[PDB]
């Protein structure tokens, strides 16, 4: 595939979003749930890619969960409990903007999880996801990669953006210094939890338009593959 100008990007995006709406109706009709994980550094473009992914999908059929730090009430349970509570029904879509993989990313880097906790978490997470995918759930995980210089450009845009500058803090700037550790943790995560039933898709995120298109294409492709594995064929169930 090639990069496209804005008009052709818009047309390709519109077709892919129609196909995503159709795929949602297909998964609902066949009562197969869909779980999408998004991870990546601050300003990697997770939020915008999610917005394009579900923009034309029926709002009754999905929930986007913006995941932040566990609250004190959530820490009274196992770290996966707050995520168990958010799982979609069969036939519904759940999007996790950050996810249980925080156990092996920010919580590992910041020392919130002990060494034993994050060390054993890879197989705990594999086993959890396998429970779901052996039943009636499809899981895809996306890592949006962004360069340090592109992230810096986006931080400066945010600090000049009246809708976003209130949220950018000195702590975020300082956390940019921890990026090497995050990259190492993400690479170990990829090595240990990239599974056939629950793949990691690495998304080239420096160009937002390409990232949005790729997220849509990869979601649709894995839905079609998993449909085939289940003896079903994705067709147009809209018209």
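Numbering follows the first chain given and starts at 1.
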query = Taking the recorded C-alpha temperature factors, which stretch has the higher mean, 178-186 or 40-48?
reply = 178-186
task = Tell me which of 91-99 and 111-119 has the higher mean C-alpha B-factor in the deposited entry.
result = 111-119
task = Could you tell me which third, lowest, middle or highest, the C-alpha B-factor of residue 137 occupies within its chain?
result = lowest
inquiry  = Quick check for you: using the entry's CA B-factors within this chain, is residue 55 in the lowest, middle or highest third?
reply    = lowest
request  = State the tercile, meaning the lowest, middle or highest third, of residue 154 with respect to the CA B-factors recorded for its chain.
outcome  = middle
ask   = By the record's CA B-factor, is residue 126 among the lowest, middle or highest third of residues in the chain?
value = middle
request  = Using the B-factors in the PDB entry, rank residue 200's C-alpha atom against the chain and give the third, lowest, middle or highest.
outcome  = middle
